[PDB]
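Take a look at the structure set out below.
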Amino acid sequence: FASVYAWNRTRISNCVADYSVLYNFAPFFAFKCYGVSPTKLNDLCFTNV
Amino acid sequence: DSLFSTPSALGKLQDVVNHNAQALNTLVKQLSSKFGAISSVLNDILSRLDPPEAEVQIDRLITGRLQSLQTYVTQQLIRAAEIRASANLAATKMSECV
Ligand SMILES: *[C@@H]1O[C@H](CO)[C@@H](O)[C@H](O)[C@H]1NC(C)=O
């Protein structure tokens, strides 16, 4: 992973975002979601990610 | 001749129509406001947030739309009292002049 002063941004477009895969890395210390509830992320379309 | 030519002759009846039609445009254009919520559409708030957090954003819409309705009704009661004043004057002229 890059340093905080050179953070790496990855474009995500034209795909299917199955967010259930996110919990493969189970030990999550923080999962704060702003604007969107983490349970409803599988029923929304996003312009750009 | 003084009514088919002069355009602002029936300016008292047309002004009554304008005020009531202008208050409805403002009432229905207040549905696009957010009043602090993340969106002005209840479907967006319901389909993006959990029920514990949706009630927080929704209550901002309700208290803002509820205050938009009270402003419309209160000014409608005030305006309907001007009309009844002119309706009582026209009923007096109809029975005394006519
Ligand atoms: C940064 O992200 C891009 C786009 O995902 C990726 O191709 C690249 O390997 C990443 N670079 C580093 C140094 O992590």
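Cβ coordinates were reconstructed from backbone atoms using ideal geometry, including for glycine residues, and neighbour counts include every protein chain displayed. Quick note: the coordinates plus some simple rules give every number you see, no bench work behind them.
Tabulated data
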{"item": "Cα gyration tensor shape for chain A, rounded if a/c is under 1.5, else prolate or oblate", "result": "oblate"}
{"item": "Surrounding net charge for A:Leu44, when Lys and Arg each add one and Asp and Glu each subtract one, Cβ distance under 14 Å", "result": "-2"}
{"item": "Volume per residue of the C-alpha convex hull in region B:1-96, rounded to whole Å³", "result": "125 Å³"}
{"item": "Neighbour-limited loop hits for chymotrypsin sites (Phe, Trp or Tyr not before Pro), region B:1-91 (at most 10 other Cβ within 10 Å; DSSP other than H, G, I, E, B)", "result": "B:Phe4"}
{"item": "Packing-based order for B:21-34, A:10-23, using average beta carbon neighbours within 10 Å, highest first", "result": "B:21-34, A:10-23"}
